[PDB]
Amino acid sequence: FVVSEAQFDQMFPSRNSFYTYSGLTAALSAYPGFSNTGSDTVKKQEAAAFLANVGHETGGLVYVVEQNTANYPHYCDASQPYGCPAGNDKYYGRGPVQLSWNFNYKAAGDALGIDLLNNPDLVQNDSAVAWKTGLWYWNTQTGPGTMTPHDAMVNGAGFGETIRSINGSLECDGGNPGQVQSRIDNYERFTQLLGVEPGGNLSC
């Protein structure tokens, strides 16, 4: 992995001890192309971009679960034939990308070979599963964007497209210049740590 344990440690000094480097390395096999496509520069830019986004969404990995508990019953899409079997309020944000919604627990679980729809707490109770859901989103989902974050970094669309795809709908397009700048600054710090250039098109 192009991020060493010592680098990961420096990246997230306030982290909840739930989030382990070993859990992350265990997760990598689910997406062997992740941080392993293109030049070593691109590999490191991708790793830094993933981890910067993760830092933003979880408060430097301090948090495992979504903190606004009032929102919990919100993530049940009752139109799904498979419904919300764990409970209407059990599909709240968990793990490095704050995986949310019954339909995303379903899709992620199907892709990973884990029954996350019927066991969503696995994402808050197991480090490897948590990291695997982050890599599932990064490598397969466009979110509110037009490309996967993996594609943005490997094909050179730039870091800004990853902001758009990872909970950036209220921040991009001039929505929240402060949050966009904060996200860019974190990515620049992580690329600096890894000893690579950040590349272009940093903003959205």
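Start at 1 and count along the sequence shown; that's the residue number.
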With B-factors read from the PDB entry, the higher C-alpha mean of 122 to 130 and 74 to 82 is in 74 to 82
Going by the entry, of stretches 177 to 185 and 192 to 200 the one with greater average Cα B-factor is 192 to 200
One of 163, 49, 154, 61 has the largest Cα B-factor in the entry, namely 154
Max C-alpha B-factor within the set 146, 53, 139, 45 falls on 146
Sorting the chain's modelled residues by C-alpha B-factor and splitting them into thirds places residue 90 in the highest
Residue 135: C-alpha B-factor third of its chain, per the entry, is the lowest
For residue 66, the third of its chain by CA B-factor is the middle
For residue 22, the third of its chain by CA B-factor is the middle
